[PDB]
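>>> Opening with a subset of the complex:
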Amino acid sequence: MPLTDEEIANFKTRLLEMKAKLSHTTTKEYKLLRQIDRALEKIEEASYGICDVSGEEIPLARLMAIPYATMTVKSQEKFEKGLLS
């Protein structure tokens, strides 16, 4: 089922919480801010929970555990493989 507006506001709150927690705290942590910002953009563009690569619905379990997830698992593979070229 498509996410409600109340669910999305919670993801936005979670994402801003993570974005703020990294200010007090590298190569690995800069990549994370880019993912968090992109997830926040997708909330503004009304595409949160939709895979940037395939347009498929990102499973709610994945978003619940990883609120900055902007791709499906299969698409994140393709993305990471692309970074290697």
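All right, it came through fine. Numbers count the residues shown, from 1 in each chain, chains lettered A, B, ... in the order given.

>>> List the contacts of residue A:76.
A:53, A:69 (CB atoms under 8 Å, 6 or more residues apart in numbering). C-betas here are computed from N, CA, C, even on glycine.

>>> In the helix or strand hosting it, which residues are buried?
In this structure, residue A:76 is located in helix A:73-84 according to DSSP states H and E. Residues A:75, A:76 are the ones in helix A:73-84 that count as buried (16 or more other CB atoms under 10 Å).

>>> Just give me how far it sits from the chain centre.
In terms of CA atoms, centre = their mean, to the nearest Å, the centre of helix A:73-84 is set 14 Å apart from its chain centre.

>>> Same question for stretch A:14-23.
With CA atoms, centre = their mean, you get 13 Å for stretch A:14-23.

>>> Likewise for stretch A:32-49?
6 Å.

>>> Include this sequence as chain B:
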Amino acid sequence: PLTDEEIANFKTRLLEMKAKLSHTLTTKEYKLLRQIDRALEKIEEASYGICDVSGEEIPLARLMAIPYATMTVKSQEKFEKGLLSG
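Take a look at chain B, now in place beside the chains above:
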């Protein structure tokens, strides 16, 4: 990778748990029915043993002890913590 005979055996275990919980049945017991159904779906979607959160392979021991495991332990931790927000 799991054989088809192993997956059919997990499917048999999972359907038996689902049936044993209908005669028996709480808040904890509803969470279990959702997990069992999801594990059964992953068998139909050919994703059993693959973590719903990370796509990592769920350890074979974990599946043997917990046939309704749909996430790695670390991913279930992240998932359970996410449900608490709000």
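
>>> and the buried residues of helix A:73-84, now that chain B is part of it?
Neighbour-count burial for helix A:73-84, counted by 16 or more other CB atoms under 10 Å in any protein chain shown, picks out A:73, A:75, A:76.

>>> Return only those of the residues you listed found close to chain B.
A:73, A:76 (CB under 8 Å from any CB of the partner chain).

>>> residues in contact with stretch A:40-56?
Stretch A:40-56 is contacted from outside by A:3, A:8, A:11-12, A:15-16, A:19, A:38-39, A:57-58, A:60, A:63, A:70-72, A:74-76, A:78-79, using CB atoms under 8 Å, 6 or more residues apart in numbering or on different chains.

>>> what's the single longest helix in chain A?
The longest helix of chain A (DSSP state H) is helix A:5-24.

>>> hmm, that one in reach of chain B?
Yes - counting by CB under 8 Å from any CB, chain B is contacted by helix A:5-24 at A:6, A:10, A:13, A:14.

>>> For that helix, C-alpha coordinates in CSV please.
Presented in CSV, the C-alpha positions along helix A:5-24 are these (Å, rounded to 0.1, in the frame of the first residue of the first chain):
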residue,chain,number,x,y,z
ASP,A,5,1.6,11.5,4.6
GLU,A,6,1.9,10.7,8.3
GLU,A,7,4.5,8.0,7.5
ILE,A,8,6.5,10.2,5.3
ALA,A,9,6.7,13.0,7.9
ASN,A,10,8.2,10.4,10.2
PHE,A,11,10.9,9.4,7.6
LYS,A,12,11.7,13.1,7.1
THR,A,13,12.1,13.5,10.9
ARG,A,14,14.3,10.4,11.1
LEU,A,15,16.4,11.6,8.2
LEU,A,16,16.9,15.0,9.6
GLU,A,17,17.9,13.4,12.9
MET,A,18,20.6,11.4,11.1
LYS,A,19,21.7,14.5,9.2
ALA,A,20,22.2,16.4,12.5
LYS,A,21,23.9,13.5,14.2
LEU,A,22,26.7,13.5,11.6
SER,A,23,27.6,17.2,12.3
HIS,A,24,29.2,16.4,15.7
